[PDB]
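# Examining the three-dimensional arrangement
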Amino acid sequence: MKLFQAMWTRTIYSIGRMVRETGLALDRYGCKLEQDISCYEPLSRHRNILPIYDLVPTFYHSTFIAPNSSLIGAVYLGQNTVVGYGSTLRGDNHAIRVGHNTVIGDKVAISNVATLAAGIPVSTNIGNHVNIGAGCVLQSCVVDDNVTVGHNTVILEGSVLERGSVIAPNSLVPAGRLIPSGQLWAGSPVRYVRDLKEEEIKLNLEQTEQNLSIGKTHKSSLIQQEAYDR
Amino acid sequence: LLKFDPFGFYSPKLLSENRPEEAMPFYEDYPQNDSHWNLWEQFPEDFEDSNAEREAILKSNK
Amino acid sequence: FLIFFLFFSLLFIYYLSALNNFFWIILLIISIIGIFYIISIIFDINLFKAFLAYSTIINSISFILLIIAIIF
Amino acid sequence: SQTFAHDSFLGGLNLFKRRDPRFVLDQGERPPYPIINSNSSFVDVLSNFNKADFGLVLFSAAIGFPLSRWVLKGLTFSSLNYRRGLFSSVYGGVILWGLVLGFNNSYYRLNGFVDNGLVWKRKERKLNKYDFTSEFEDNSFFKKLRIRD
Amino acid sequence: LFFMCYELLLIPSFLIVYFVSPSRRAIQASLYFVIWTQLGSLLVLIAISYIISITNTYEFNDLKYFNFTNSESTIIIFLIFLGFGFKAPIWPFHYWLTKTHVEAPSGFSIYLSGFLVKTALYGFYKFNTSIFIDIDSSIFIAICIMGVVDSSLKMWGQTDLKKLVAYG
Amino acid sequence: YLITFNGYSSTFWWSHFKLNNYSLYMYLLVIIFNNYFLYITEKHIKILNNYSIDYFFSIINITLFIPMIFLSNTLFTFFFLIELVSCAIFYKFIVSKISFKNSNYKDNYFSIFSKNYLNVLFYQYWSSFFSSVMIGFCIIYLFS
Amino acid sequence: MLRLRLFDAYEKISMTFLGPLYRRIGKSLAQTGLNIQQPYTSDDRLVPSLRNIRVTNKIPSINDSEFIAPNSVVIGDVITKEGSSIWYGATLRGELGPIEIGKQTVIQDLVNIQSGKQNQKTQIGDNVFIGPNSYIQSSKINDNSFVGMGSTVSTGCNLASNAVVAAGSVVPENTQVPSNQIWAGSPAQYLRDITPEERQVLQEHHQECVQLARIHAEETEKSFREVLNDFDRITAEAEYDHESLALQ
Amino acid sequence: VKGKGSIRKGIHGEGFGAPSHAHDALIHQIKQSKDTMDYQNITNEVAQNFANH
Amino acid sequence: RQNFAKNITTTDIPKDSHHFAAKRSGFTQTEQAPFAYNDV
Amino acid sequence: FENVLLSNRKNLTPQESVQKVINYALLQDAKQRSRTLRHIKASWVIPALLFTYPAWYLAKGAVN
Amino acid sequence: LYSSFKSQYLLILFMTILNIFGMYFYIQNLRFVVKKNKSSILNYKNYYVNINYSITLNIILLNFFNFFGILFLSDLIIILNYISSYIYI
Amino acid sequence: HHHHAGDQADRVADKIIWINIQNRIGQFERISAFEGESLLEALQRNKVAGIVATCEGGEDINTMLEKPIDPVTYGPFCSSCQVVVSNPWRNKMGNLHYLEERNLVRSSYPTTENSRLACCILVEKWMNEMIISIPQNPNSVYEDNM
Amino acid sequence: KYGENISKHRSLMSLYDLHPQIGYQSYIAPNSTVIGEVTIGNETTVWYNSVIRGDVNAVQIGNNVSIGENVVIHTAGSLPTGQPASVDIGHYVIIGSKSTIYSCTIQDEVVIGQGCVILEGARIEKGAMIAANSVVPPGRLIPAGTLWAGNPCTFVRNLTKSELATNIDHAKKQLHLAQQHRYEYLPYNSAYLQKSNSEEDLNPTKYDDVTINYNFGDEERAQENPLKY
Amino acid sequence: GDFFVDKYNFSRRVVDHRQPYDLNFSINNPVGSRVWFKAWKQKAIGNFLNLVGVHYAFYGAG
Ligand SMILES: CCCCCCCCCCCCCCCCCC(=O)OC[C@H](COP(=O)(O)OCCN)OC(=O)CCCCCCCCCCCCCCCCC
Ligand SMILES: CCCCCCCCCCCCCCCCCC(=O)OC[C@H](COP(=O)(O)OCCN)OC(=O)CCCCCCCCCCCCCCCCC
Ligand code: FES
């Protein structure tokens with residue numbers, strides 16, 4: 001019965017696609033007959049929410065999603081999550097899950113590899129209260145809870161960042177690596193620096209909360225200027 | 001030849017199957033048998049695979 | 001092929017069929033000379049349009065042999 | 001098979017009803033209908049013009065408009081004046097072709113090739129010995145295209 | 001239909017050799033296979049054209065109800081033997097088989113040697129059995145035995161296992 | 001016109017042309033293939049325009065007269081019809097585009113000599129001349 | 001002329017009747033097809049222009065800029081001087097701190113000018129080149145400075161006049177980069193004093209980028225009718241003979 | 001450059017050909033000195049033309 | 001290349017997670033980062 | 001259904017939290033792969049049911 | 001087949017020679033089709049490759065009648081024999 | 001290269017083979033090539049005029065650039081990449097392949113005894129500072145001007 | 001001057017007769033920008049928010065190339081060695097996200113890590129790999145089939161045939177992802193229906209003579225690329 | 001105005017700026033009108049001035 005329902009869903013989707021294509025073609029033909037050029041406007045095709053068939057992005061309305069960002073495929077954003085400007089989350093291969101109160105910086109690219117070995121999730125899972133700097137590149141990583149990632153940081157597939165860890169900016173966590181909790185790691189080959197202090201932990205939490213508030217302010221400002229959906 | 005053990009019965013074999021280098025991606029190891037006579041992925045009968053995450057988020061937004 | 005060569009064949013088949021007692025030997029000689037003259041040449045060309053032209057020529061000689069068989 | 005009555009506006013449709021796929025008849029073969037004027041002249045054919053030929057011209061005029069538009073659909077880098085002139089020339093050509101078709105229909109009616117309201121005293125007796133089309137046409141649209149089945 | 005089904009085995013074989021083979025030398029091997037097997041097919045085509053044109057039929061029983069003269073039977077047997085020996089292969093028409101087997105993918109090499117040559121044998125058996133032939137088969141026997149000897153004497157000088165299996 | 005055509009199997013215009021079933025079927029077959037090739041040619045010309053109006057007008061003239069060859073009841077009228085068709089084919093060869101817009105910017109201040117156009121015209125002209133004189137001699141001696 | 005009168009009458013009829021009818025039917029069909037496909041589909045939207053975004057009272061002053069990319073993002077208190085260039089994908093957030101771009105300053109593709117602290121002015125001087133994929137953070141970049149592509153100027157950095165940061169270099173926080181010095185490496189260190197030839201190369205690179213930004217502004221700021229005319233011109237040039245070019 | 005195809009413009013002047021192309025000395029002489037020849041300079045091209053003749 | 005799914009659902013892969021213990025303390029300034037997955 | 005990623009895992013050791021996240025991600029990936037395979041297999045059965053009989057009709061008409 | 005029906009063994013032999021030589025002449029170019037990478041042979045219109053659907057459909061029809069044309073050759077033979085039957089009657 | 005772990009990359013300028021050319025207008029060019037490429041590839045990358053290169057390097061399998069040249073090769077497919085090499089490197093090249101010589105002598109434009117086909121020349125380290133001349137090559141077909 | 005609600009961004013833009021060309025099955029992201037004379041190969045996927053400027057010099061890109069997000073490819077106009085300063089990218093090249101390419105030659109089967117900066121005059125030979133967060137100094141040669149890492153990049157180790165084939169296979173996997181993304185877009189833009197009529201739209205202040213339409217013959221042209229204008 | 005349904009403007013219309021230069025010329029008026037007659041007289045007189053003998057040999061002989 002499940003296969004029959006899937007077949008019915010695909011048949012209805014294809015019928016709707018056919019009807020929409022026929023309607024757009026008829027409108028273009030009438031545009032031609034009227035001596036009209038409205039049909040020829042090279043408006044941008046970018047869609048900040050691009051579902052890959054059944055892989056529909058899902059997010060709470062509390063989230064802030066930049067108009068120029070691109071959420072493709074199976075993306076699941078938690079409450080109050082802020083997505084930076086130009087950030088791409090490609091869930092075409094596997095799901096990209098982001099926790100509550102998580103900040104993703106501008107120009108941050110998150111994607112997944114095709115396959116990985118056993119016991120290694122191929123999905124990019126990001127915990128709650130994570131702060132990700134601008135210009136980061138995440139691939140099939142597991143960032144858990146209150147983790148700070150510096151700007152221009154590359155996290156490779158199979159990497160696991162444990163709760164309460166800080167990665168210095170302009171760093172690279174290689175594939176299959178583990179960042180222990182409560183530690184600072186720096187350098188393109190990430191090396192241990194020091195154990196985090198209470199002051200540093202509080203400062204990072206305050207900074208990510210400030211980023212969340214800034215994202216809320218950005219959404220409020222963009223809604224007023226008619227630059228935001230809904 | 002003495003240390004060779006690709007199936008991990010005598011020398012333990014990681015599920016990750018290899019330690020990736022700090023300059024290489026985490027590609028899988030090539031299997032000893034490269035047969036491509038594989039079915040589609042087999043899931044147990046009566047497998048509940050509904051998109052529970054999306055359903056919960058839609059319920060919250062509704 | 002559809003007009004010029006067709007009228008060539010019909011000249012040997014329909015329009016001047018009463019002269020086939022002389023046509024057969026000339027057609028046979030031309031066919032033999034063409035077959036033994038182009039077999040080497042079709043293998044020293046290196047051009048696409050030359051290939052197309054020689055395909056046309058080979059088919060023409062085959063059809064000339066066919067019309068020779070017809071006028072028998 | 002029935003044919004559209006001549007001297008009506010659908011008499012030109014009888015040109016599309018042929019009893020045999022032959023282009024022409026033999027030298028001594030009798031035409032399907034009695035001959036009115038075998039030695040027809042141009043003015044004889046003109047005098048034999050009627051509603052069938054006028055309807056052929058009207059059909060050419062009606063179908064010639066979309067055909068002229070279709071021809072013009074490939075025209076580019078042209079002013080409105082040249083576009084209108086090209087359309088007028090193509091449409092006039094199609095109407096002239098309709099006039100030619102009407103002239104041919106009148107000539108055929110004079111020679112008895114198509115229906116002219118006359119019937120031979122004794123019809124030619126033909127045995128349909130080889131018949132691959134009767135059962136096919138009696139259960140299809142093509143009974144309207146072959147005369148006498 | 002028999003002749004056509006015998007003739008339909010070339011296109012899939014050439015497509016397999018041309019696109020599935022990993023070796024770069026297999027393109028020329030595919031060309032050799034096509035040209036040799038198609039020359040054999042042309043000879044068989046001439047023979048079947050003789051059979052069809054002389055006795056206008058398509059049935060082996062109708063062939064049983066007809067007799068070919070000595071010259072016609074000789075031409076038919078020579079043509080069918082030479083064509084199906086191009087496909088068999090026979091001496092000296094096994095160059096294509098050697099090149100293809102050396103260069104074809106292993107799956108096709110299993111299928112080419114295992115089966116298609118047997119289709120050639122079946123075609124020859126069906127063609128020759130239905131026709132009365134009054135000539136001495138010593139020439140064909142000599143050709144077959146020369147092929148056997150020629151193939152057997154070359155097995156020592158093969159360092160390539162696939163080419164050795166091709167000679168076998 | 002050919003589909004609705006009717007008449008007697010005879011020769012018209014002083015027996016210089018023949019109206020018989022085979023000749024008319026050849027006429028129709030030639031026109032049908034010309035229509036197919038012209039349709040494909042239009043579909044191609046909508047892609048890239050490397051040809052002029054005169055080229056397709058030459059093609060128009062070929063397609064109009066080349067079926068008339070099969071209606072010839074005489075080698076005389078056949079010779080004149082093929083002379084007209086050969087003139088049309090020479091016209092078609094003449095109006096081929098010589099220079100193109102290409103990404104070859106290395107030849108703007110140097111003289112490149114392409115001789116294919118002159119070779120085509122020369123060989124077509126001389127083959128036409130030889131064929132025409134031989135056919136004329138054959139006609140003269142067949143009249144004898 | 002009956003033929004021409006029929007032609008004109010059918011032209012008027014076809015346009016004024018079939019055009020609107022076909023367009024209405026097509027719009028209805030497109031709408032119902034989109035409704036059927038839901039929710040497993042998306043429709044083309046109207047992409048917002050994010051290059052002049054204001055926050056509360058922070059309003060950009062970018063009218064003096066010679067080029068601002070249509071897909072760039074300029075939010076908040078970002079003030080640019082005359083001749084400024086902001087290229088494609090750049091992001092200048094003035095809400096997290098004031099941004100002051102000088103005259104003839106090039107901010108290349110996908111450059112993020114973002115302040116690390118809550119309220120810190122990011123002051124880039126005049127004739128300053130910033131390479132693509134750069135990340136500038138709450139820094140004071142004096143006049144005629146060069147920042148290579150893929151470079152990261154950290155929070156406390158101060159780049160003196162005529163200071164060169166090689167491409168791919170990451171200047172550490174609170175690092176003072178002296179004048180006429182080239183620094184390189186992920187830990188940015190003083191590489192060498194810049195030769196006058198390399199200085200001339202950098203000046204020519206900056207002038208070339210300024211003029212290229214001017215050209216891009218000429219191209220990207222075209223109206224829809226101008227873009228359609230350009231498309232028609234391109235398709236005409238795809239079939240123009242040498243005779244037509246000579247005629248032009 | 002508008003209307004000049006792939007030809008680019010540098011800093012001190014505008015190119016006379018596509019990028020990474022061969023600069024023609026005769027073209028440079030024609031553009032710089034429009035009609036002034038102090039002497040009939042025999043270059044390799046002129047010597048080769050004389051040899052061909 | 002192989003493209004099947006290692007994370008099967010019909011059963012759980014028999015694994016031993018105690019053979020290799022990832023380092024979590026005492027790292028030096030030049031040591032590499034530990035490995036996340038060490039099950040055999 | 002409980003979303004482990006969107007849950008209070010801070011009452012556990014970091015290793016336990018990351019292990020729970022990994023297990024939840026693996027289970028949800030298996031579910032997503034099952035759904036994707038179901039939708040892909042639907043793209044086979046529909047053409048098999050719809051066009052196979054037209055293909056057989058065409059072949060039969062062409063042959064016998 | 002017709003040459004055999006007309007009993008022309010020498011004509012059959014020369015037809016076979018020409019056929020085999022031309023066949024290798026044609027299939028020789030199949031070796032040249034091997035390319036180290038996929039080619040770029042399509043014209044560019046509106047910044048993208050111009051693929052003509054009409055010509056593609058024509059090629060589809062021609063490919064159908066080239067692959068399975070032997071199944072429908074009898075009707076073409078009937079039509080051509082019917083056309084040729086008028087030559088002398 | 002025999003690089004070791006931690007070794008820095010080598011300069012491209014130190015791996016450049018220099019070809020000094022006399023263009024048909026009798027003009028001196030200096031282009032850069034890399035070992036393993038063909039002279040035709042180098043000339044076309046550097047946009048060198050005078051080389052028509054109708055067949056564009058010939059076949060992609062069993063090429064004339066291989067060492068050794070396969071006996072089943074079809075060789076060059078035109079005579080448009082003709083370059084007149086200078087005496088030292090011409091002698092170092094050796095004697096012509098039979099197919100290459102056949103294509104060279106079957107040229108509508110006159111050739112020389114130092115003439116070679118550019119796509120049949122493989123760039124080598126000893127071809128540094130190699131002097132060639134490139135007089136204008138013939139145009140074979142109607143599409144050489146397309 | 002810069003105040004509007006609808007973005008003016010076009011994915012493909014020309015610059016004074018420098019028209020980009022794109023092959024079949026190639027997916028240029030609508031968020032991405034391709035300017036100048038850029039020749040994209042067949043089945044090449046340029047992902048989102050990537051800039052490719054073939055303005056000062058041409059940019060030829062091979063067939064099965066995958067350019068990641070936030071990647072800036074641009075040319076230099078001139079190189080010190082006199083070589084052509086145009087970007088030439090091989091046929092199976094995987095450029096990682098947030099990469100920078102500055103007028104360098106990249107041969108086939110080359111993998112560039114995420115966050116890599118490949119400067120002017122660099123020549124990455126066939127089959128090479130550069131690890132993530134690496135900078136190739138200007139005018140440097142990377143030997144074929146070698147693995148490098150660092151800033152500046154230093155030799156790590158030679159690559160095996162298995163690793164080379166793995167990279168080749170990874171190059172081919174992006175094709176079906178690009179196919180899915182293309183399938184999510186219909187050939188007809190539906191954004192024009194969502195705009196409001198303007199005075200300029202209803203009353204053209206200037207008229208131009210009728211010429212060849214940019215979409216002439218498009219009823220016969222296959223809609224292979226849904227993102228075509 | 002703008003007749004929006006959901007998100008689609010059913011009154012969306014951009015007047016084409018590409019019109020023939022002779023769209024409102026006198027010669028393009030319907031044949032037989034005074035404006036058309038004026039334009040046609042001018043065209044015929046111009047042609048006759050350019051082609052005196054041609055017009056004589058064609059129209060006069062016709
Ligand atoms: C509850 C609602 C359910 C709705 C179900 C579907 C309803 C369909 C209603 C159709 C209404 C038709 C109105 C009259 C249209 C007449 C056709 C026409 O005008 O065609 C001309 C035009 C030419 O287009 P073209 O050559 O491409 O030129 C483009 C110019 N820029 O051609 C075009 O522009 C192409 C569009 C033609 C549209 C009509 C085609 C009808 C064919 C029969 C139906 C087949 C099913 C189609 C839909 C798929 C259903 C699964
Ligand atoms: C129960 C049913 C209810 C209703 C169902 C729905 C409606 C059904 C409608 C059925 C069809 C209606 C047809 C209306 C008239 C069509 C007229 C037509 O197509 O005629 C074709 C023409 C007629 O042949 P014929 O009359 O013999 O020729 C003239 C002889 N005086 O024939 C010819 O021109 C023949 C030409 C012969 C020579 C050329 C062809 C043979 C050689 C080439 C073979 C093919 C190769 C490719 C050629 C190019 C193809 C484009
Ligand atoms: S380019 Fe053709 S032979 Fe060298």
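Method information in the entry identifies cryo-EM as the source of the structure, with 2.96 Å recorded as the resolution.

### With respect to the overall build of chain H
A count of helical and extended segments in chain H gives two helices and zero strands. Its C-alpha atoms give chain H a radius of gyration of 15 Å, more than 25% over the compact-globule value 10 Å for 53 residues. By principal-axis analysis of the C-alpha atoms, chain H measures approximately 40 × 25 × 15 Å. Sorting the 53 residues of chain H into buried and exposed places 13% on the buried side. Carbon and sulfur atoms make up 55% of the accessible area of chain H, which amounts to about 4200 Å² in all. A gap of 16 Å separates the mean positions of the 6 positive and 5 negative side-chain charges of chain H.

### Considering the overall build of chain N
For chain N, the count of helices and strands is two helices and two strands. Helices and strands appear in chain N in the N-to-C order β-β-α-α. The C-alpha atoms of chain N give 22 Å as radius of gyration, which overshoots the globular expectation for 62 residues (11 Å, by more than 25%). Overall, chain N is about 70 × 20 × 20 Å in size when its C-alpha atoms are taken along their principal axes. Evaluated residue by residue, chain N yields a buried proportion of 29% over its 62 residues. Of the accessible surface of chain N, which amounts to about 4400 Å², a share of 62% is contributed by carbon and sulfur atoms.

### Focus on the interface of chain G and chain A
Counting residues at the interface gives 55 residues for chain G and 57 residues for chain A. When chain G packs against chain A, the two sides together hide about 4800 Å² of surface, and 59% of this comes from carbon and sulfur. On the chain G side of the contact with chain A, G:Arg23, G:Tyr40 and G:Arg45 bury the most area, a combined 15% of that side's loss. Inspection of the chain G/chain A interface yields eight salt bridges. A salt bridge links G:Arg23 to A:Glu34, with the nearest nitrogen and oxygen atoms 3.4 Å apart. Here chain G is connected to chain A by 18 residue pairs in polar contact. Elements with a contribution of two residues or more to the side of chain G that touches chain A: α1 (2–37), β2 (73–75), β5 (91–93) and α3 (224–237) of chain G. No other element matches the 16 residues that α1(G) contributes to the side of chain G that touches chain A. Of the residues that constitute the side of chain G that touches chain A, the class distribution is 27 nonpolar, 19 polar and nine charged.

### Points about the site of ligand 1
The local shell around ligand 1 consists of A:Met18, A:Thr22, A:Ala25, A:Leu26, A:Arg28, A:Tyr29, G:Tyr22, G:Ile25, G:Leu29 and M:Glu219. Close to ligand 1, residues of chains A, G and M are found. At a separation of 3.4 Å, an oxygen atom of ligand 1 approaches a polar backbone atom of A:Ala25. Within the complex, 44% of the 1200 Å² of free accessible area of ligand 1 lies under protein. Counting only elements with at least two residues in the shell around ligand 1, the list comes to α1 (2–33) of chain A together with α1 of chain G. Among the elements that take part in the shell around ligand 1, α1(A) stands out by supplying six residues, more than any other. When its residues are assigned to classes, the shell around ligand 1 shows seven nonpolar, one polar and two charged.

### Some words on the site of ligand 2
The full set close to ligand 2 counts 17 residues, and D:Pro21, D:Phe23, D:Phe142, F:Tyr25 and F:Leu28 are the nearest of them. At ligand 2, the nearby residues belong to more than one chain, namely chains D, F and K. Measuring from an oxygen atom of ligand 2, one finds a side-chain N or O atom of F:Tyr25 at 3.5 Å. Here ligand 2, which alone exposes 1300 Å², has 50% of that area covered by the protein.

### So, the packing of α1(A) against α1(G)
It is the contact of α1(A) with α1(G), at a shortest axis distance of 7 Å, that shows an interaxial angle of 160°. Between α1(A) and α1(G), the angle falls in the class roughly antiparallel. Pair α1(A) / α1(G) crosses with left-handed handedness. When its residues are assigned to classes, the contact of α1(A) with α1(G) shows 16 nonpolar, nine polar and five charged.

### Description of the packing of aromatic side chains
Scanning all chains against the criterion turns up 109 aromatic pairs over all chains. With a centroid separation of 5.4 Å and an interplanar angle of 85°, the aromatic rings of F:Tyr25 and K:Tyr82 are classed as edge-to-face. Placement of F:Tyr25 in helix α1 (residues 21–45) and of K:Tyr82 in helix α4 (residues 73–84) is noted, with the two residues assigned to different chains. K:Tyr82 sits in the partly exposed class, given a relative accessible area of 27%.

### Looking at the pairing of strand β4 (residues 33–40) of chain M
All names here are of chain M. With respect to burial, β4 is a largely interior element, seven of its eight residues being buried. Here strand β1 (residues 12–13) pairs with β4 via two bridges, running parallel. Looking at β4, one finds that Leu12 is bridged to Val34. As judged from the two bridges shared by strand β2 (residues 21–22) and β4, these two strands associate in the parallel manner. Residue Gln21 lies in a different strand from β4, and its bridge partner there is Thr39.

### Re the nonpolar core
M:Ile52, M:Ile61, M:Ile67, M:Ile73, M:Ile118 and M:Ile124 are the most contacted members of the largest nonpolar core, which has 78 residues in total. Not counting chain neighbours up to four residues away, the residues in contact with M:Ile73 comprise M:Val51, M:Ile52, M:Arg53, M:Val59, M:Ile61, M:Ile67, M:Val87, M:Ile89, M:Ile95 and M:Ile101. Formed by 45 residues, the second largest nonpolar core is a distinct cluster that contains A:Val98, A:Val143, A:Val149 and A:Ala227.

### Some remarks on the arrangement of the chains
Considering only C-alpha positions, the minimal separation of the non-contacting chain A and chain D is 12 Å. Separated without contact, chain E and chain F have their nearest C-alpha atoms at a distance of 27 Å.

### As for the pattern of salt bridges
Residues and elements named next belong to chain G. For the coordinates displayed, the defined rule picks out 70 salt bridges over all chains. Two residues, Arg51 and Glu221, come together in a salt bridge whose shortest N-O distance is 2.8 Å. Of this pair, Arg51 sits in the loop between α1 and β1 (67–68) while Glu221 is found in the loop between α2 (196–220) and α3, placing the two residues 170 residues apart along the sequence. Its relative accessible area of 0% is what places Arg51 among the buried residues.

### Remarks on the side chain of E:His94
For E:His94, the position within the fold is in the loop between α5 (70–86) and α6 (95–103). Not counting residues up to four positions away in its chain, the partners in contact with E:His94 are E:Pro89, E:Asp150 and E:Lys154.

About the thresholds
Residues numbered from 1 in each chain as written, not as in the entry; some residues may be left out. Chains lettered and ligands numbered in written order. Part of a larger assembly, values for the part shown. Heavy atoms only, no water. Helix = DSSP H or I, 4+ residues; strand = E, 2+ residues; numbered from the N terminus. Rg over C-alpha atoms; globule rule 2.2 N^0.38 Å. Buried < 20%, exposed > 50% of the residue type's maximum accessible area, 1.4 Å probe, protein only. Areas by Shrake-Rupley, 256 points an atom, 1.4 Å probe, with all protein chains shown as cover. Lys, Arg positive; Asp, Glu negative; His and termini not counted. Charge placed at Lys NZ, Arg CZ, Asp CG, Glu CD. Contact = heavy atoms within 4.5 Å. Buried area = accessible area lost by both parts, 1.4 Å probe. Salt bridge = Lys/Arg side-chain N within 4 Å of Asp/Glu carboxyl O. Polar contact = N/O pair within 3.5 Å; in protein donor to acceptor, adjacent residues only side chain to side chain. Nonpolar A, V, L, I, M, F, W, Y, C, P; charged D, E, K, R; others polar. Near = heavy atom within 4 Å. Axes fitted to C-alpha atoms, helices over the stretch in contact; angles between N-to-C directions. Parallel < 35°, antiparallel > 145°, perpendicular 65-115°, else oblique. Left-handed = near helix turned anticlockwise from the far one by under 90°. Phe/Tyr/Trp six-rings, centres within 6.5 Å; stacked < 30°, edge-to-face > 60°. Pairing = 2+ DSSP bridges. Core = buried A, V, L, I, M, F, W, Y, C linked by side-chain atoms within 4.5 Å.

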